[PDB]
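Residue numbers (the working numbering), protein chains in the order written: chain A, 456 to 489; chain B, 456 to 489; chain C, 155 to 409; chain D, 155 to 409. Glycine residues also receive a C-beta, built at the ideal position from the N, C-alpha and C atoms.
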Amino acid sequence: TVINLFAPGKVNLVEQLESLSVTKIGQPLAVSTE
Amino acid sequence: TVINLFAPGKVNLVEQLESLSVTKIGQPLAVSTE
Amino acid sequence: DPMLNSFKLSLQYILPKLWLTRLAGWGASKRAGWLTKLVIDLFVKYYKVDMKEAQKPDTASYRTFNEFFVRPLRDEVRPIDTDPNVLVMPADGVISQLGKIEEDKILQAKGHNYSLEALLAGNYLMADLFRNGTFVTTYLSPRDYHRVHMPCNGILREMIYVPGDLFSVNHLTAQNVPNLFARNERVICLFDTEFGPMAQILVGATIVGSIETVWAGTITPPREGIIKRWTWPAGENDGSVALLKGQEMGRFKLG
Amino acid sequence: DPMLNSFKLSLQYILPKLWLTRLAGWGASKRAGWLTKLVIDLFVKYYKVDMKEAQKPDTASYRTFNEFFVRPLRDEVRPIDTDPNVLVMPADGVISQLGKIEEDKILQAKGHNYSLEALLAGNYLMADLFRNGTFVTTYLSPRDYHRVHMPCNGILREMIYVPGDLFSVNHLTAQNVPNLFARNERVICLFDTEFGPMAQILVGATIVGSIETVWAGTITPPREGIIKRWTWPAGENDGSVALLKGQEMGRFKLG
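1. Assuming contact is defined by CB atoms lying nearer than 8 Å, are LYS171/C and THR360/C in contact in what I supplied?
2. Going by the beta-carbon positions, is the gap between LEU227/D and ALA245/D smaller than 8 Å?
3. Which residues, in order along the region 240 to 256 of chain D, keep a beta-carbon less than 9 Å from a beta-carbon of chain B?
4. Would you kindly work out how many angstroms separate the C-alpha atoms of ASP319/D and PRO238/C, rounded to a whole number?
5. Under the rule that 16 or more other beta-carbon atoms within 10 Å means buried, what is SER364/D, buried or exposed?
6. So within the region 214 to 240 of chain D, which uninterrupted alpha helix (DSSP H) runs reach at least 4 residues, ignoring any that extend past its ends?
7. Residues of the region 372 to 400 of chain C in Cβ contact with chain D at a cutoff of 9 Å, in chain order, please.
8. Taking the beta carbon of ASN277/D as the centre, do at least 16 other beta carbons fall within 10 Å, making it buried, or is it exposed?
9. So residue 510/B and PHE349/D are supposed to be a Cβ contact under 8 Å. How far apart are they, rounded?
10. Find out if the Cβ-Cβ distance for the pair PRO305/C, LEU472/A is shorter than 8 Å.
11. Who are the Cβ neighbours of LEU326/C in its own chain at under 7 Å, not counting the five residues just before and after it?
12. With a CB to CB cut of under 6 Å and the five nearest residues on each side skipped, what residues in its chain are close to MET205/C?
13. Using three-state DSSP, classify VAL323/C as helix, strand or coil.
14. Using a beta-carbon distance cut-off of less than 7 Å, what residues from the region 294 to 306 of chain C approach chain A?
15. Listing by chain order, which chain D residues have their CB less than 7 Å from the CB of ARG337/C?
16. So who's on the other strand from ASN330/C, going by DSSP bridges?
17. Quick one: what's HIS266/D bridged to in DSSP?
18. Residues in the same chain with beta-carbon distance under 6 Å from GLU339/C, minus the five sequence neighbours each way, listed in chain order, please.
19. Please name the residues in the region 459 to 487 of chain A whose beta-carbon is closer than 7 Å to at least one beta-carbon of chain C, in chain order.
20. I'd like to know if the region 285 to 294 of chain D and the region 377 to 390 of chain C are in contact, where contact means that at least 3 CB-CB pairs between them fall below 8 Å.
21. State the DSSP-derived secondary structure class of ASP346/C, mapped to helix, strand or coil.
22. Grab the span of the beta strand (DSSP E) containing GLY253/C for me, first residue to last.
23. Can you give me the Cβ contacts of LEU397/C inside the same chain, cut-off strictly under 7 Å, excluding the 5 residues immediately before and after it?
24. Return no unless some Cβ of chain B is closer than 8 Å to the Cβ of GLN166/D.
25. So with Cβ pairs under 8 Å, would you call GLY276/C a contact of chain D?
26. Report the residues of the region 324 to 356 of chain D with a CB closer than 7 Å to any CB of chain B, ordered along the chain.
27. So, is the C-beta of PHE289/D closer than 8 Å to a C-beta in chain B?
28. Using a Cβ-Cβ cut-off of 8 Å (strictly less than) and excluding sequence neighbours within five positions of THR213/D, which residues of its own chain qualify?
29. Count the other C-beta atoms from every protein chain shown that fall within 10 angstroms of the C-beta of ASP155/C, then say buried if there are 16 or more, exposed otherwise.
30. Below 8 Å on the Cβ atoms is my guess for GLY481/B versus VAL242/D; work out the distance and round it to an integer in Å.
31. Within a Cβ cutoff of 6 Å, which residues of the same chain sit near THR175/C, ignoring the five residues on either side of it in sequence?
If you want it as structure tokens, here you go:
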């Protein structure tokens, strides 16, 4: 199990990703707010 | 077991004290440098 | 079902968690031709491991069980999103929870959240970098491929090792073990990246307990039982450390 | 003899140190008349307790066993020194090691030292306060008093509970278990005083695993396995806590 932490308002996760969503390495997970 | 820490220059402990010395509460342990 | 869920949390709570880890870490680290292969074979059979994703699909080419456990995939089967404004997934698995960190509280399971200070072992300075932020908890099933890659181009700053217990870390525990990730032995990697300070942690389990990075090697074992802390330059320095998006940074192991 | 030892400390790390502690804690915290009195009498006879100094020297006058353990003394027997320019000893026992802390490395026993950081659980700010200062370490034999008192007037600023193992802190383990005080369960107390800052740390034994301060009561057990930390004002402020040279600040207990 690995966990990532980020700044308050310097990024935004993918709204489609909820709990139990399948996770593979090469896929995108979040995107900046700039 | 108890452990104590002090600031670098404020306190000198008793020179006659070493390992296996007898530790009773009311007895002196360290004298201020002022 | 209630019996199994009972006995599952039962034997968990009572069995010598540290001692079972040692045996697997010593068994999976010794070399024996067919058993290691046969164990890998029964491992893939029972857990339905996708052995085709690997760079070496033949289970006989793995000397020990740990070498297969740290099997390298084919680089072409995990294509990295090259958009520099997005962050790639860390490693294969499933998501436990994710979302906003509501004032130094991070959701674990339904009716269970854990503190941010508790996760970072009292380092309040690091916690303030992530108060009212966002997070993502990613679980790795034994079937999954057990190495981690970077979500973005990052510069290594701090690393903090925490000694702790060795729990199952399967979901049945995550819904019943309070502060599961702040208790178990874990390794903290603090990063600098264009999107601000990013953290990436690695938490072990009741047998999957060994943690290693590409730059430091096998951190645990040995389990020494105290908090270790290193720091690194801030990039562009003699000895600075950085690494790219989707680049292999660490891996779990049996030990 | 040298390896007669080297299977006595082998006995140390195998036996389920935690489970025995909690078992012995349940036993000593229960209401037993003649049982405790018999157990107390044997204890008094084995470790040669000086019951004369006790405030209540009839072994029957104590209900449970932990009460006999946290026995308040005849205050007439422990005289806090007069000189406000001397710091008085903190607790009864025998001095383990003392002297100057030489650049963050404290002498544990001959051939073993531990970091000021790993003791303070990575609180490098608190560690940076005491680099190249002084220290002292006191071993509390079972015969001795078991409450902890202040060496000087103090104003509470921080307190940190640290989880960890429960090895015996006797000298035999002190000369062979590395970073014993940095691994075993402990509670750190940080004061301001007229002689810079001062830290007083309580560390539990292999069944003497309970630690309570006077200002917060019992802190462990429960052994929640993470790090708790609170903060206080600068003194003479709303919610400020202070205590004087010789006051009881805490005590050890079975459990």
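On the basis of the data shown:
1. yes
2. no
3. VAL240, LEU241, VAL242, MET243, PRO244, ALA245, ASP246, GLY247, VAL248, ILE249, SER250, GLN251, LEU252, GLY253, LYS254, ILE255
4. 45 Å
5. buried
6. 219 to 223
7. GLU378, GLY379, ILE380, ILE381, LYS382, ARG383
8. buried
9. An answer regarding residue 510/B cannot be provided, because it is not within the stretch 456 to 489 covered by chain B.
10. no
11. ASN159, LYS162, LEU163
12. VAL198, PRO211
13. coil
14. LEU294, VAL302, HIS303, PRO305
15. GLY379, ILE380
16. Per DSSP, none; premise fails for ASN330/C.
17. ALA263/D
18. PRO317, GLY318, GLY358
19. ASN459, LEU460, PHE461, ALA462, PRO463, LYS465, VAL466, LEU468, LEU472, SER474, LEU475, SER476, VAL477, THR478, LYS479, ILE480, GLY481, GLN482, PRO483, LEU484, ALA485, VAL486, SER487
20. no
21. strand
22. 247 to 254
23. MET304, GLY308, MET403
24. no
25. yes
26. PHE335, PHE349, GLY350, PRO351, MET352, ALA353, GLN354, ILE355, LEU356
27. yes
28. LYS191, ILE194, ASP195, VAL198, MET205, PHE222
29. exposed
30. 6 Å
31. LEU320, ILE361, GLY363
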